[PDB]
């Protein structure tokens, strides 16, 4: 293994690592080689999970972290029972409160740039978007941030802590270049 893989293993909890490996292998990437993508997958998974935790008990359905076939199955059930249009790309969550899918992004650039990229990619219009960065900023569709301030603040703090740990291991720089 590499230093990035050992860091990933000591940084994220093991269930997150396992789901990241699964998701990456399902697309033919090897966690032990494409280690930057491994860290990014772990970070994105943890953010999705903290986010779904931020709501009320029954509020969100978690799409991310399932195998692709089961993810689309759950998306189909949500669409067929709520009547919301089927997105073109797998979202990360479904909000039963606001009645909408959510795409979550975690970026090492400007939340503006990544938001524009994702919103050009989606084009299905009704899928809410919520971007976080590793510097503490966030941006969301209709400036509607879904959760209260405190849950988003916890996510932002975690992102900055991951950033610092990577820097202490001199892995932040190459990570920030992908």
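Numbering follows the first chain given and starts at 1. Between two forms, the rigid core is the largest collection of C-alphas that superpose within 1.5 Å.
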Next on the checklist: So, in 7 other deposited structures of this protein, taking the root mean square over structures and residues of the Cα distances after a rigid core fit: is 117-125 or 130-138 the more displaced stretch?
Outcome noted: 117-125
Next on the checklist: On mean Cα temperature factor in this entry, is 118-126 or 148-156 the higher one?
Outcome noted: 118-126
Checklist outcome for this item: Ranked by mean Cα B-factor in the entry, 22-30 and 40-48, top stretch is 22-30
Next on the checklist: Using only modelled residues of the chain, where does the Cα B factor of residue 137 rank: lowest third, middle third or highest third?
Outcome noted: middle
Next on the checklist: Sorting by Cα B-factor within the chain, modelled residues only, which third would residue 70 end up in: lowest, middle or highest?
Outcome noted: middle
Item to check | residue 105 CA temperature factor, ranked by third within the chain | outcome: lowest
